[PDB]
Chemist: 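Take this structure, written in C-alpha cells, and hold onto it; I'll ask about it next.
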Amino acid sequence: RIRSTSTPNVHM
Amino acid sequence: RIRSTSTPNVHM
Amino acid sequence: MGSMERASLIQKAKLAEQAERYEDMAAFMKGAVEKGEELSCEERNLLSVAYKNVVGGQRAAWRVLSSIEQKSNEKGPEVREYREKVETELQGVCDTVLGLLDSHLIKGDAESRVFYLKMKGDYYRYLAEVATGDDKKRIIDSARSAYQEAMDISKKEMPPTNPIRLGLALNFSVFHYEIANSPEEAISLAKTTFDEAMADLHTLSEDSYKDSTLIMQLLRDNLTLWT
Amino acid sequence: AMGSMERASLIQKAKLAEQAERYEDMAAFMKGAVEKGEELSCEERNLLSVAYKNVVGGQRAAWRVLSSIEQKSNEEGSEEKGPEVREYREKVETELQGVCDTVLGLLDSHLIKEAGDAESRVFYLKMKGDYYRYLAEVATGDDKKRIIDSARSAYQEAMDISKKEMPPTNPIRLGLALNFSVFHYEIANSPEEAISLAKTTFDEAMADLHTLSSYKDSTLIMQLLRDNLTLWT
Ligand SMILES: *CC(=O)NCC1CCN(S(=O)(=O)c2ccc(I)cc2)CC1
Ligand SMILES: *CC(=O)NCC1CCN(S(=O)(=O)c2ccc(I)cc2)CC1
Ligand SMILES: [Cl-]
Ligand SMILES: [Cl-]
Ligand SMILES: [Mg+2]
Ligand SMILES: [Mg+2]
Ligand SMILES: [Mg+2]
Ligand SMILES: [Mg+2]
Ligand SMILES: [Mg+2]
Ligand SMILES: [Mg+2]
C-alpha cells in the first residue's frame with residue numbers, strides 16, 4: 001500500500 | 001570550475 | 001548555544017540549511033527559541049524545516065528496519081536491537097520538539113497559535129507511529145487533542161484557503177486515515193476542506209497562491225488514493 | 001561498547017544501517033568489526049569504504065559550501081559580515097578532520113600491517129592516500145605541506161606494489177591510479193603528472209580489456225580517466 005501524503009517539508 | 005572526478009562511492 | 005547572540009544563532013541556522021546540515025540547523029533554532037522572543041514567520045520556517053528533516057530521516061530508517069524485522073519474523077536479535085536503537089533516537093527528537101512547544105512556543109496571533117498546535121499534533125503522530133499498547137492510546141489522544149484545538153482556532157480566525165489552515169487539515173486527515181483507523185472521517189475532512197478552500201480561492205492573496213494550491217493538490221491526490 | 005560484541009553481529013548491523021541509510025552508524029559498526037583484529041573480506045572492505053566515504057563525503061560537501069560563502073563574504077569586505085560563517089566552517093572542518101583521523105588510525109593500528117595479500121594491501125594504502133588527501137583539502141600553511149607529502153607517500157607505495165603484483169585492468173589498481181591523478185591535479189598543482197598518469201593508466205588498461213569477464217567495473221573507471229583527460233586538456 002502507498003502511504004498517505006502529508007504537508008511537504010518546504011518553506012511556506 | 002568543475003572538479004576532477006575521483007573513484008565513485010559504490011560497491012565494487 | 002546560550003552564549004551566542006540570538007542574531008548569530010539565526011544566521012548559523014541559515015548557513016547550516018545551505019550546507020544541508022539539518023541536525024546543526026535544529027540545534028541552532030532550539031538555541032534561538034530559548035532566548036525567549038517570539039519567532040517570525042521566516043524563523044518558524046527554519047525551525048520546522050530543520051526538525052522535520054531530522055525526524056524525517058529517522059522515520060524512513062525506522063520503516064526500513066521494521067519491515068526487515070517483520071519479514072524475518074514471518075535469524076537472530078540484531079534487527080530488533082538496532083530497530084530499538086533508532087526508535088529511541090526518534091522518540092528523543094520528538095520529545096525535544098514537544099518540550100520546546102510546551103516550555104516556550106505555545107502561548108499571540110492566530111497564525112502562530114495554529115502553527116504550533118499543528119506541530120504538537122504532528123510530533124505526537126510521529127510518536128504514535130512507533131508506539132505500542134497503552135502508551136499508544138495516550139499518545140493518539142494527545143495528537144487528536146492538539147489537532148482539534150488547532151482546527152477550532154483556524155475555523156474561527158482564518159480564511160478557508162489559508163495555507164496554514166490547509167496544511168493542518170491535510171495532516172489531520174492523514175492522522176485519521178493512518179493512525180486513528182478512521183477512513184470515513186479522513187475522506188470527509190479532506191473533501192470538505194478542498195471544497196471550502198476552492199470556494200474562497202478568489203479571495204486569497206497572491207503571495208499564498210502557490211502554497212495553497214500545492215496543499216489542495218495533495219488533498220485531491222489522497223482522496224483519489226483513499227476512494 | 002563494541003569490544004564485547006560478536007564480530008558477526010557488528011557486520012550484520014553495518015548491513016542493516018546501510019539499508020536504512022544510516023551511514024554514521026554503519027561506520028561505527030565497521031570500526032567495531034575492524035577492532036576485533038581479524039582480516040577483512042572483500043564485502044567487509046566495501047562496507048568499511050562505503051560507510052566512511054558517505055560520512056566524509058557529506059562533510060566535504062558542507063565544508064565546500066561554507067568556504068565559498070566565507071570567501072564571498074570576505075571579498076565583499078563589509079564592516080559587519082563574516083564571523084558566523086567562519087566559526088561554523090571551522091566547526092564542520094573540525095568534525096571532518098576527526099573522521100579522517102579515525103580512518104587513518106584504523107589503517108595504521110589494524111589494517112595495513114595485517115593484510116596478507118597484495119590486493120588488500122594496495123586497497124588500504126590507497127585509502128590512506130585518500131584520507132590524507134581529504135585532510136589536505138582543508139589544511140593550510142606548513143601543516144598542508146606535511147599532509148600532502150603523507151598522501152603522496154601512501155599513493156606511491158600503493159602504485160609500486162600494484163605495478164608489480166596486479167593486472168593493469170584490476171579495479172583496485174585502476175581506482176588507485178584515478179585517485180592519484182586527482183591528487184596531482186587538484187592538490188599538488190602538478191597537471192603534467194596528472195595527465196601523464198591518467199593517459200598511461202587508460203592506455204595500459206585498454207590494451208588488456210579483451211581478457212576480462214570485471215568488465216563493467218574496469219570500464220567505468222576507464223571512462224572517468226577519459227572524462228578527466230577531456231577536462232584537463
Ligand atoms: C507565517 C508563518 O507562521 N510561517 C511559518 C510556516 C507556517 C506553515 N507551516 S506548516 O508546516 O503548517 C506548512 C504549511 C504549508 C506548506 I506549502 C508547508 C508547511 C510551516 C511554517
Ligand atoms: C575484493 C575486495 O577487496 N573488494 C573491496 C573493494 C575493492 C575496490 N575498492 S576501491 O575503493 O578501490 C573501488 C574500486 C572501483 C570501484 I567501481 C569502486 C571502489 C572498494 C572496495
Ligand atoms: Cl544496536
Ligand atoms: Cl558554530
Ligand atoms: Mg544574549
Ligand atoms: Mg550581529
Ligand atoms: Mg533577549
Ligand atoms: Mg522501544
Ligand atoms: Mg554592505
Ligand atoms: Mg583549520
Side-chain angles (χ1 to χ4, degrees), chain A, chain C residues 16-17 20-27 29-30 45-72 78-101 115-116 118-133 135-140 142-144 146-147 167-168 170-181 186 215 218 221-222 225, chain D residues 13 15-26 54 58:
Chain A
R1 190 178 63 77
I2 308 310
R3 292 179 192 267
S4 308
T5 303
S6 65
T7 296
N9 190 23
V10 296
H11 286 250
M12 179 206 90
Chain C
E17 189 181 23
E20 300 179 46
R21 297 269 294 183
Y22 299 110
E23 176 173 350
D24 288 348
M25 185 187 181
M29 286 312 302
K30 177 170 185 293
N45 274 306
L46 297 167
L47 179 73
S48 187
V49 167
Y51 275 108
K52 186 56 182 297
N53 267 281
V54 174
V55 76
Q58 295 171 322
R59 284 172 75 199
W62 187 94
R63 290 171 179 174
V64 162
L65 296 172
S66 185
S67 178
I68 296 165
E69 189 176 10
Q70 291 302 109
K71 206 178 314 310
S72 80
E78 295 84 356
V79 191
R80 183 185 47 67
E81 290 175 351
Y82 185 54
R83 185 272 297 159
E84 287 179 356
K85 182 192 198 294
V86 172
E87 186 175 303
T88 298
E89 295 187 16
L90 181 158
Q91 291 172 141
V93 173
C94 292
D95 287 350
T96 294
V97 168
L98 294 166
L100 280 183
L101 286 166
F115 170 74
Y116 295 126
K118 177 188 162 296
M119 192 180 196
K120 182 173 185 176
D122 290 339
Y123 284 79
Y124 275 117
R125 172 160 61 84
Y126 309 146
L127 288 175
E129 290 173 351
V130 307
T132 62
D135 214 48
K136 187 184 164 64
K137 204 276 180 179
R138 189 264 294 157
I139 290 167
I140 291 175
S142 287
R144 184 193 312 284
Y147 284 135
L168 162 64
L170 176 60
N171 287 13
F172 198 19
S173 78
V174 173
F175 170 80
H176 290 311
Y177 202 85
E178 297 287 342
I179 307 300
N181 290 130
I215 305 300
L218 298 180
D221 293 346
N222 285 340
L225 178 68
Chain D
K13 290 187 183 181
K15 290 175 187 178
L16 291 169
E18 189 181 22
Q19 287 175 276
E21 300 180 48
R22 296 269 293 185
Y23 300 110
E24 289 197 3
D25 288 348
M26 186 188 180
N54 267 281

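Within every chain, numbering begins at 1; the chains are lettered A, B, ... in the order of the sequence lines, protein sequences first and strands thereafter. As a basis for the values below, the full set of heavy atoms in this structure was taken, side chains included, without hydrogen atoms, waters or symmetry mates.
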Chemist: Once side chain to side chain contact (heavy atoms under 4.5 Å, CB included) is applied, do any residues pair with C:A27, and if so which ones, sequence neighbours excluded?
Modeler: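 By the side chain to side chain contact (heavy atoms under 4.5 Å, CB included) rule, C:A27 matches C:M1.
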Chemist: Count the heavy atoms of every other residue, nucleotide or ligand shown that sit under 6.0 Å from CD of D:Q19, and state whether that count exceeds 12.
Modeler: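 Counting neighbours around CD of D:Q19, more than 12 heavy atoms of other residues, nucleotides or ligands fall under 6.0 Å, so yes.
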Chemist: Hey, could you give me each pair passing salt bridge (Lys or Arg N to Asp or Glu O under 4.0 Å) that has a residue in residues 3-12 of chain A? Not counting sequence neighbours.
Modeler: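 Applying salt bridge (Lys or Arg N to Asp or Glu O under 4.0 Å) to every pair that reaches into residues 3-12 of chain A, excluding sequence neighbours, yields nothing.
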Chemist: Which distance, rounded to the nearest 0.5 Å, do you find between the CG of C:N222 and the OH of C:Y177?
Modeler: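 Here the rounded value is 9.5 Å.
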Chemist: Is any side-chain heavy atom of C:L47 less than 4.5 Å from a side-chain heavy atom of C:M119?
Modeler: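 Yes, at least one pair of side-chain atoms sits under 4.5 Å.
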Chemist: If you compare all heavy atoms of C:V174 against all heavy atoms of A:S4, which two are closest, and at what distance to 0.1 Å?
Modeler: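 Closest approach of C:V174 to A:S4: CG2-CB, 4.1 Å.
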Chemist: Would you say C:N53's side chain and C:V49's backbone share a donor-acceptor pair under 3.5 angstrom?
Modeler: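 Side chain of C:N53 to backbone of C:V49: a pair is present.
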Chemist: Heavy-atom distance under 4.5 Å between the side chains of C:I179 and C:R144, does that happen here?
Modeler: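 Side chain of C:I179 against side chain of C:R144, heavy atoms only: no contact under 4.5 Å found.
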Chemist: Judged by atom type as modelled, is there a donor-acceptor pair below 3.5 Å linking the side chain of C:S72 to the main-chain atoms of C:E69?
Modeler: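 Such a contact is found between C:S72 side chain and C:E69 backbone.
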Chemist: Yes or no on side chain to side chain contact (heavy atoms under 4.5 Å, CB included) for C:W62 and C:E129, after CA distance, side-chain angles and deciding distance?
Modeler: CA-CA 10 Å; C:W62 187 94; C:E129 290 173 351; 5.7 Å; no
Chemist: Do NZ/NE/NH1/NH2 and the carboxylate oxygens of D:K13 and D:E18 come within less than 4.0 Å?
Modeler: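 Answer for the salt bridge query: no.
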Chemist: Would you call C:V97 and C:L101 a side-chain contact if the rule is heavy atoms closer than 4.5 Å?
Modeler: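 Sidechains of C:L101 and C:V97: in contact.
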Chemist: Mark yes or no for whether C:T96, through its side chain, and C:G92, through its backbone, hold a donor-acceptor pair below 3.5 Å.
Modeler: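 Looks like yes, one N/O pair under 3.5 Å.
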Chemist: In chain order, what residues pass the salt bridge (charged side-chain N to carboxylate O under 4.0 Å, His left out) check against C:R125, with sequence neighbours excluded?
Modeler: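 Result, salt bridge (charged side-chain N to carboxylate O under 4.0 Å, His left out) vs C:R125: C:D122.
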Chemist: Out of curiosity, C:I139 CD1 to C:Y124 OH, how far, rounded to the nearest 0.5 Å?
Modeler: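 Going from CD1 on C:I139 over to OH on C:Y124, the span is 8.0 Å.
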Chemist: Atom NZ in C:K52, atom CG in A:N9: separation rounded to 0.5 Å?
Modeler: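 These two atoms lie 6.0 Å from each other.
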Chemist: Return the orientation label for the C:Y126 and C:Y123 ring planes: parallel under 30°, perpendicular over 60°, tilted otherwise.
Modeler: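 Perpendicular.
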Chemist: Rounded to the nearest 0.5 Å, what separation is found between the NZ atom of C:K120 and the OG atom of C:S142?
Modeler: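 Answer rounded to 0.5 Å: 7.0 Å.
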Chemist: Could you check whether D:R22 pairs with C:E89 (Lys NZ or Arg NE/NH1/NH2 to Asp/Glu carboxylate O, under 4.0 Å)?
Modeler: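 Yes, this pair counts.
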Chemist: Sub-3.5 Å donor-acceptor pair from the side chain of C:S173 to the main-chain atoms of C:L170, do we have one?
Modeler: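 Here the side-chain-to-backbone pair exists.
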Chemist: More than 12 foreign heavy atoms under 6.0 Å from CD of C:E84: is that the case here?
Modeler: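 Yes, the 6.0 Å shell around CD holds more than 12 heavy atoms from other groups.
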Chemist: Would you kindly say whether C:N171 and A:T7 are connected by a side-chain donor-acceptor distance under 3.5 Å?
Modeler: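 Indeed, the side chains of C:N171 and A:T7 share at least one donor-acceptor pair under 3.5 Å.
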Chemist: What is the distance from atom OH of C:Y147 to atom NZ of C:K118, rounded to the nearest 0.5 Å?
Modeler: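 C:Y147 OH to C:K118 NZ: 6.5 Å, rounded to 0.5 Å.
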Chemist: Any side-chain heavy-atom pair from C:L100 and C:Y51 closer than 4.5 angstrom?
Modeler: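 Counting from C-beta outward, C:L100 and C:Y51 do come under 4.5 Å.
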